[PDB]
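Positions of Cβ are generated from backbone atoms using ideal geometry, with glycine treated the same way; all protein chains shown enter the neighbour counts. Only the coordinates and a few stated rules stand behind these numbers; no lab work does.
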Amino acid sequence: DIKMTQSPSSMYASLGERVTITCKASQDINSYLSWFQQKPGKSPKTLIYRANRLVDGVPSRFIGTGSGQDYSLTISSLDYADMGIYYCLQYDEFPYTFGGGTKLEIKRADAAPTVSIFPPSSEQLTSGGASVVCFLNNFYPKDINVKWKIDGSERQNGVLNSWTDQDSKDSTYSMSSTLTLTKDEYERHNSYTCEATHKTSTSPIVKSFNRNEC
Amino acid sequence: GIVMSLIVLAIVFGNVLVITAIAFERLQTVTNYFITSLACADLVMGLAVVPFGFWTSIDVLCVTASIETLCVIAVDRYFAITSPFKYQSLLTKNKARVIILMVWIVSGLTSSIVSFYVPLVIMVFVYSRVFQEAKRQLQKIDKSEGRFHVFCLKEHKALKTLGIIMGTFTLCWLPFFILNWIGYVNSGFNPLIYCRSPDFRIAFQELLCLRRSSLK
Amino acid sequence: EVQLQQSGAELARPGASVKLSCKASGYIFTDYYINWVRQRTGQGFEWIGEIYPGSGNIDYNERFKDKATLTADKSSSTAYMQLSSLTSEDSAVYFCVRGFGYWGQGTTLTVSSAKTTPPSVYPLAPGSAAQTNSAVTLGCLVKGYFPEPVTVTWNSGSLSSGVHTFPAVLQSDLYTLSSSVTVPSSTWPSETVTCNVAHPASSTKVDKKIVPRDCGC
């Protein structure tokens, strides 16, 4: 219908600097383009339309300026809250077609995670099984790493992992790793460790616990 | 026969709910002044022509005034669009009547080429021109208009309602001028297309002490 | 106070047909068309069509041409979308925008053979009274529910600064997720701390206070 590329895709800017994504359509939309931002866990908030006409409410540091077949959303003095995925849309003709949106992250200062592990709450245990949660928190770079250790042994079977996008305030990264087990599965072992290995240090951060005194 | 008898009260009701509808303030306009014209050319041709069916006198003065009025609006509406200003022909309220009055006597002093061809030969193109140059404008509009805000698609449908009324009176009285009962059919088709197309919907359907969707 | 309300969660069996609504309320319905753009999981936006409430014009996108049928309600000041013969790939979040200006909430439609099953908020409290901080981080994992989504607030919306909630990961045809939280150790066991959870798809709201621990651990 009407392809609309959009460089970049991935992008890391630090606070204060002026970042810029550029959108170039196939046809010639008469400045009938718009720019919006998708934030994790929220509905898209539109910033600009008519290629440059800021929507009402959008901060004045956002700037859209292109023409005919190539445009570009831009912000001077990048603010911390400006993290997410911006996409460009054209409504010149049918069918309306979206860009692919570039995603922008903010480079922060290296920070290790504050890891914490929890044994199965009696409640679940009674229910029928036990899941154990370890939280590798507020850390930067995004690249983190965990390995479960049980009774000295070690394995990665049936662990449910998930990481979050860049946090608002802390502009850091946090991860959650769970090793879902059974009342029985769990009952056959005493020690339980969570070892996080992050650029921050060379010595894995560690947290363990025993199923007896507890 | 005695079954179609319900087809006269249709040409005595729908054409009256309209005449009264026009005779409300907001419903008073040049357009609804000529459409309100085809009301007396359907009611009179139903309480004076359909019953007894001088009887063949008002049978012509009625159908020769229709495709004539259809020629009128098609032009009036044009002069409204081709106009450099707002959408609403210049035919003043009185000069609309004075122009209205002269459509009957000339329909009385009156042929398939005089009272049918001529009036349909141009009426279809004066309108064709319209339904067409009404599109270029339709979106020469600001796309943003209507989705970012902070003649339009509406008046684009008003010509849809007037676009079928002129498009039904052709397939109803053509096979005849080229079946005499098919022509009578356009007597309960106008106040029928005005419900699910123009404002009339509420204008007259709720006039009967709130019809149905009156927040029923 | 401008807004287009949406269902947020919609379950449907394969081959069936759903009918999403969108109750706009904060402006004049008939002054802006409203499009319906589908945005599958992962990322990507694909316009399904645009219907102008004021007139009637409904320009569909070829693709969903026969699949969906838009419709508006001048009175209710709400609009609709008819999605017939749903398939595994019709599942996704459906957005109801006001012409790309203001977006809707969303409706997490999911076409599945699956049977709904609500979560299981279990609370995670510190292991062995390890007073190792000026702060503390407890959390509450919501295990096994479906379909998506699940609102998860802490202290009934009260608490905010320092609370993370991770994206529901699947696991054996069932969703699982969890939210952790940091507060001053100078507060928790002292002052109450609950974790709320909501599973619309089952109209299931849940609260789960965090009692310190078995005193033994």
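Among A:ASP1, A:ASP56, what is the fewest-to-most ranking by other Cβ atoms within 10 Å?
A:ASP56, A:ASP1
Where does chain B land at 222 nm, in deg cm²/dmol rounded to the nearest 500, when only DSSP H runs of n ≥ 4 count, each adding -39500 (n - 2.57), divided by all residues?
-14000 deg cm²/dmol
Round to a whole angstrom and tell me the spacing of the C-alpha centers of segment C:107-165 and segment C:1-77.
Cα centroid to Cα centroid, the span is 31 Å.
List the trypsin sites (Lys or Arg not before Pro) in segment A:165-207 that DSSP assigns to loop (not H, G, I, E or B) and whose Cβ has at most 15 other Cβ atoms within 10 Å. Which are they?
Filter output for segment A:165-207: A:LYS169, A:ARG188, A:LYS199.
Helix-only estimate, please: 222 nm mean residue ellipticity of chain A, summing -39500 (n - 2.57) across DSSP H runs of length 4 or more and dividing by its residues, to the nearest 500.
-1000 deg cm²/dmol
With no solvent and one point on each alpha carbon, what is the Debye value of log10 I(q)/I(0) for segment C:1-114 at q = 0.12, 0.17, 0.20 Å⁻¹?
Cα-only, vacuum Debye calculation for segment C:1-114: -0.37, -0.75, -1.03.
Can you give me the long-range amide H partners of A:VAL115? Hydrogens built in the peptide plane at 1.01 Å from N, cutoff under 5 Å, separation of 5 or more residues or another chain.
Counting only residues 5 or more places away or on other chains, the set is A:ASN137.
Note down the relative contact order for segment C:115-217 as a percent, whole number, built from C-alpha pairs under 8 angstrom at least six residues apart.
36
Quick one: A:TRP148, A:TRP163, B:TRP181, fewest Cβ neighbours within 10 Å first, how do they rank?
Neighbour counts put them in this order, fewest first: B:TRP181, A:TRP163, A:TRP148.
Computed FRET efficiency, Cβ-Cβ of B:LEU47 and B:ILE164, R0 22 Å: what is it to the nearest 0.05?
It comes out at approximately 0.30.
Please average, across the residues of B:139-147, the number of beta carbons from any other chain that are within 10 Å of each residue's own beta carbon, and give a whole number.
For peptide B:139-147, the averaged partner shielding equals 6.
Rank-order C:14-20, C:154-160 by packing density, defined as the average count of other C-beta atoms within 10 Å over each peptide's residues, highest first.
Highest mean packing first, the order is C:14-20, C:154-160.
How big is the charge dipole of segment B:1-128 about its Cα centre, in debye rounded to the nearest 20, if each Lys and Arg gets +1 on its Cβ and each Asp and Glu gets -1 on its Cβ?
For segment B:1-128, the charge dipole is close to 400 debye.
Name the long-range amide H neighbours of A:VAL133: under 5 Å, sequence gap of 5 or more, or other chain; modelled H, no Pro or chain starts.
Close amide H contacts, sequence-distant or interchain: A:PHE118.
If you rank B:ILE202, B:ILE81, A:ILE106 by fewest surrounding Cβ atoms within 10 Å, what's the result?
Taking fewest neighbouring Cβ atoms as first place, the list is B:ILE202, B:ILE81, A:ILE106.
Report Rg (one decimal) and Dmax (nearest whole number) for chain C, counting Cα atoms only, units Å.
Rg and Dmax of chain C, Cα atoms, are 21.1, 70 Å.
Distance between Cα centroids, segment A:50-90 to segment B:1-73: provide it in whole Å.
Each part reduced to its Cα centre gives a spacing of 59 Å.
Counting other Cβ atoms within 10 Å, keep those with at most 16, restrict to DSSP loop, and tell me which trypsin sites (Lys or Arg not before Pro) in segment C:51-83 are left.
Numbers: sites: C:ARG63, C:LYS65, C:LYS67, C:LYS74; in loops: C:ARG63, C:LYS65, C:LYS67, C:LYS74.
Answer in residue order: C:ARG63, C:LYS65, C:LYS74.
Which residues does the label zone of B:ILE122 cover in segment B:50-77, counting backbone N under 20 Å from a point 7 Å along Cα→Cβ?
Residues passing the 20 Å test: B:63-77.
Quick check: Cα centre of segment A:8-24 to Cα centre of segment C:193-209, how many Å?
38
If amide H atoms are built 1.01 Å from N in the plane of the peptide, which residues on other chains or at least 5 residues away come under 5 Å of the amide H of A:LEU160?
For A:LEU160, whose amide H was placed from the backbone, the distant partners under 5 Å are A:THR178, A:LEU179, A:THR180.
If I measure Cβ to Cβ between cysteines in chain C, which ones have no partner under 4.7 Å?
C:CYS215
Where does each of C:195-202, A:4-11 land if you order them by average Cβ count within 10 Å, highest first? Could you put the intermediate results ahead of the total?
Numbers: C:195-202: 21.8, A:4-11: 14.9.
Ranking the peptides C:195-202, A:4-11 by packing returns C:195-202, A:4-11.
Pop a pseudo-label 7 angstrom from the Cα along the beta-carbon direction at both A:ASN145 and A:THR126 and give the gap in nm to one decimal.
4.2
Can you pick out the pairs among A:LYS45/A:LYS169; A:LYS45/C:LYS208; A:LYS103/C:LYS205 whose Cα atoms lie more than 28 Å from each other?
Pairs exceeding the cut-off: A:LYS45/C:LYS208; A:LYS103/C:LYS205.
Let me know the shape class of segment A:1-141, please: from the alpha-carbon gyration tensor, a ≥ b ≥ c as square roots of the eigenvalues, rounded when a/c is under 1.5, otherwise prolate if a/b is greater than b/c, or oblate.
prolate
Give the relative contact order (percent, whole number) for chain A; include only Cα pairs under 8 Å separated by 6+ residues.
In percent, rounded to a whole number, it is 18.
Quick one: Debye curve from the C-alpha atoms of the protein assembly as shown, no solvent, what's log10 I(q)/I(0) at q = 0.11 Å⁻¹?
-1.12
Each residue of segment C:84-93 in order: what ³J(HN,Hα) in whole Hz does its phi give by Karplus 6.51 cos²θ - 1.76 cosθ + 1.60, θ = phi - 60°, with x for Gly and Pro?
8, 6, 4, 9, 3, 9, 8, 5, 2, 8
Say the cut-off is 27 Å between C-alpha atoms; which of A:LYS24/C:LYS19; C:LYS74/C:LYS115; A:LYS147/A:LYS183 go over it?
Distance filter (> 27 Å) returns A:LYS24/C:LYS19; C:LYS74/C:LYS115.
What list of ³J(HN,Hα) couplings, whole Hz, do you get for segment C:160-168 from phi and the Karplus terms 6.51, -1.76, 1.60, once you set θ to phi - 60° and write x for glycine and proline?
9, 4, x, 10, 10, 9, 8, x, 3
Between C:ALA129 and A:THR200, what is the FRET efficiency for a Förster distance of 22 Å, r being their Cβ-Cβ separation, to the nearest 0.05? Walk me through the numbers before you get to the answer.
Numbers: r = 27 Å, r/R0 = 1.22.
The pair C:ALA129/A:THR200 has a calculated efficiency of 0.25.
Residue-wise, which Karplus ³J(HN,Hα) couplings in Hz belong to segment A:61-69, taking 6.51 cos²θ - 1.76 cosθ + 1.60, θ = phi - 60°, and x for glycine or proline?
Values, residue by residue: 9, 8, 8, x, 7, x, 5, x, 9 Hz.
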